[PDB]
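Before we start, here is the structure in question, set down as structure tokens.
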Amino acid sequence: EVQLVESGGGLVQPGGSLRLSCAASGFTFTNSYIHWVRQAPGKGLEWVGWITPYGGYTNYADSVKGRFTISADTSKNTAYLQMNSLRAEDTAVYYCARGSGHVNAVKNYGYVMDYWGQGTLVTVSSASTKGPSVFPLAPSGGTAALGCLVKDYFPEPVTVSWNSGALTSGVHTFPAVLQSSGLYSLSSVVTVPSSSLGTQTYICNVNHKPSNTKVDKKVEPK
Amino acid sequence: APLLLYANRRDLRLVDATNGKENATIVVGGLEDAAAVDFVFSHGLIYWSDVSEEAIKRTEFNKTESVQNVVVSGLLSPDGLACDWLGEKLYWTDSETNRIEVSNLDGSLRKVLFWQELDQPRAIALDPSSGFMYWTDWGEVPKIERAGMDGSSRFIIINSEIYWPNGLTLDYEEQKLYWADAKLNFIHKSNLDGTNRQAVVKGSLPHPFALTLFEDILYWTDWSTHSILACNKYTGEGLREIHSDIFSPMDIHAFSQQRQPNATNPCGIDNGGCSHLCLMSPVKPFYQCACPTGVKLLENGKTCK
Amino acid sequence: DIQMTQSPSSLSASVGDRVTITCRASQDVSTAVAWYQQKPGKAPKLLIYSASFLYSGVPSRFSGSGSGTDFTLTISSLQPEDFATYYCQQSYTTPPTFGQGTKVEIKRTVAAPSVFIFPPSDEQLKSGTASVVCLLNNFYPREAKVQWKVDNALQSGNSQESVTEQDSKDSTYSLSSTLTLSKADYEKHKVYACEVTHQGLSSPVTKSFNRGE
Ligand SMILES: [Ca+2]
């Protein structure tokens, strides 16, 4: 099947540069449009530009023309977004997406984006990378609740699983919130039968890749 | 320098190659997805394909809007179209039904000429006085082919150094074939049987779609640059942009009676004695009787069952 | 550029409801319009293109119509998993442009939150800071008032909330409120209370603890 995998997202200082990559597989790279589209936190979708890898022709949004460029290495089936003179407003998740149909077809669906990568987060900020602290939230109606507090990290994102993925039901991992310090915080919680508190082990697994922080916290009562 | 007739998706336009800086005139407006275009100069007719309506239409020049539908069924992607101004016939390619067909100018008596070994047929050009038709196919096995205008004797003339042969045209005065390859980034020319091949233009063709010619000059549309370009047909020199900022340029012709050279219709006044179709043929007496699709031509070679 | 304008920017409808989202183009774009569905934390997914052509694998309840400047997305029978932001886009010309999006929420019966409070951990206390967490679990509608009281004094300015996205299964929300004090202020006081007002509750529920018990 068609696959698009973005990489190269990360924390970058204002005025700096960053190159994103989009590795494609499962379709003929040179028969397609490849698009970049971005989405700022809580905002809409903004088309950044496209490339047709067969010859490397591109189009760009007025908003980034002069600062961003797109290229493609057909031998690697990979497209790149070169971002220069970065601004705080460039902070966003960047997606690469494939246009539909064949670049040479008369009935053209090249601007219909039928396959999208998972996206890569770009954060333009002067702040430094910081790994989270993880604290337990120690455990009515026949059900108990427990969780982990993942405090003071930067930049996004962080991942939380419970019992290495074995526990999924009743789990709520909240969207991170930006604290007045400029660092993120969030909690992950799960509700379980209160009768279980004595015998069942509950571990929350926290990953902050930007800092390469990996923590497993056991959460015990009370 | 001639007027250039081109399709532009929402309309068909005419631009004076001698003044490509002025606004193009809209010959026909209110179209949905006009792709292919051609004309019958002596008849004052302009034909086009619309790939969203899945139709071929026509109008009378400067007596519009007397537009008519001429082919309305059995089309999906009619990407190419040519008018036989001599035999009075309409030819077209369909890249989705995988077919080359012919009909009368009014759409009657339709006959499927080829329906096998077609993948992405596109451009089609006619040499009515020689009884040959020429087409490109940008599919899995890309090629340029020719056959009789009666559907006889199909043969591949180019099948190497080819990838996306989009544009195709003929020089009637010099007996030369020209084509544009949108993937390989060139325009080439050859004898009509494909021999004596030569490069003309070797760069600045990021996405040529359709190609035409008038006197010493080639003209073509480019999908990437949204413009019409021109160069010298002998040397490939004098590459220049004729007309710019085109919404979506498509098929194109030098719009002139001189691009449809007069000759005697070998069918004569009486349709060559054919009950239905009288098609140009490369072999003497240079016409061939034919019948709408499914119906057989009888022993006498003139009357359909 | 062609401006794509969606309306409404958000809506709430019940399971089984017929939902209509409009998209208007500033220019005639023929039928060159696509619709996408975006679930939180995920990439958009194509639902429809060419205005009315249903993309392979997309549920039949989704349909698109329209031509020229006026386009419509219809969900014939809204399902809980349809919680998302929906975007129209013109695929007619460069630059491709998107509508601002329409947030679709599922309307269901009222459900009171289950409330839980968590004292700061001894571990965090060491560090010199105290986070107190109040959890509102599995409620609807989303509107809730959560107030902190420290020795019965209503707090302001020192807490922050976060709300999950609507549950794809039961269409409920959960919410966390975190109160942050310095460790020294935390030790100045005894009773830590989270008080919750919600439509599903006849009167506000309080969950409290006394520091050190
Ligand atoms: Ca085909």
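Both backbone and side-chain heavy atoms feed into the values below; hydrogens, waters and symmetry mates do not. Order of the sequence lines fixes the chain letters, A, B, ..., with proteins taken first and strands second; residue numbering starts at 1 for each chain.
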**Asked** Side chain of A/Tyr57, backbone of B/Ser224: donor and acceptor closer than 3.5 Å?
**Response**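 Checking the backbone N and O of B/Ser224 against the side chain of A/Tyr57, a donor-acceptor pair under 3.5 Å is found.
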
**Message:** For a quick test of reading the model, state the closest non-hydrogen atom pair linking B/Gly29 to B/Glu65 and the distance between them.
**Reply:**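 Scanning both residues completely, I find the closest heavy atoms to be O-OE1, 4.2 Å.
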
**Asked** Are the aromatic ring centres of C/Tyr92 and B/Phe247 under 6.0 angstrom apart?
**Response**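 Yes - the distance between ring centres of C/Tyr92 and B/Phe247 falls below the 6.0 Å cut-off.
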
**Item:** SG proximity flag B/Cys291/B/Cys304, limit 2.5 angstrom
**Value:**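 Cystine link detected, SG atoms below the 2.5 Å cut.
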
**Request:** Any chance you could lay out the disulfide bond (SG atoms under 2.5 Å apart) test for B/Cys289 and B/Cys278, step after step, and finish with the verdict?
**Result:** CA-CA 5 Å; B/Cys289 307; B/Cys278 189; 5.3 Å; no

**Prompt:** Between B/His243 (side chain) and B/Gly20 (backbone), is there a donor-acceptor pair under 3.5 Å?
**Reply:**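 Checked: pair present.
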
**Prompt:** Does the ring centre of B/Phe61 sit less than 6.0 Å away from the ring centre of B/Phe255?
**Reply:** yes

**Message:** Quick test of your reading of the model: are B/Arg10 and C/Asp28 salt-bridged, counting only N-O distances below 4.0 Å?
**Reply:** yes

**Request:** Determine yes or no for a side-chain-to-main-chain donor-acceptor pair under 3.5 angstrom, with C/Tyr87 supplying the side chain and C/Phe98 the backbone.
**Result:** no

**Prompt:** Testing A/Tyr109, A/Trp47, A/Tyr54, A/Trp50 for ring pair (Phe, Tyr, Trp, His ring centres under 6.0 Å) with A/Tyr33, which one passes?
**Reply:**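 It is A/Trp50, the one option of A/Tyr109, A/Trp47, A/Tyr54, A/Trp50 that forms the ring pair (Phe, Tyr, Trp, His ring centres under 6.0 Å) with A/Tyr33.
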
**Message:** If you compare all heavy atoms of B/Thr59 against all heavy atoms of B/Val28, which two are closest, and at what distance to 0.1 Å?
**Reply:**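 Reported closest heavy-atom pair: CG2-CG2, 3.6 Å.
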
**Message:** Using a strict threshold of under 4.0 Å (side-chain N to carboxylate O), is an ion pair present between B/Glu101 and B/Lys111?
**Reply:**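 Looking at B/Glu101 together with B/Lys111, the answer is no, because their closest N to O distance does not fall below 4.0 Å.
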
**Request:** State, to 0.1 Å, how close C/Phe71 and C/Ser30 come at their nearest heavy-atom pair, and which atoms those are.
**Result:**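 It is CZ-O, 3.4 Å.
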
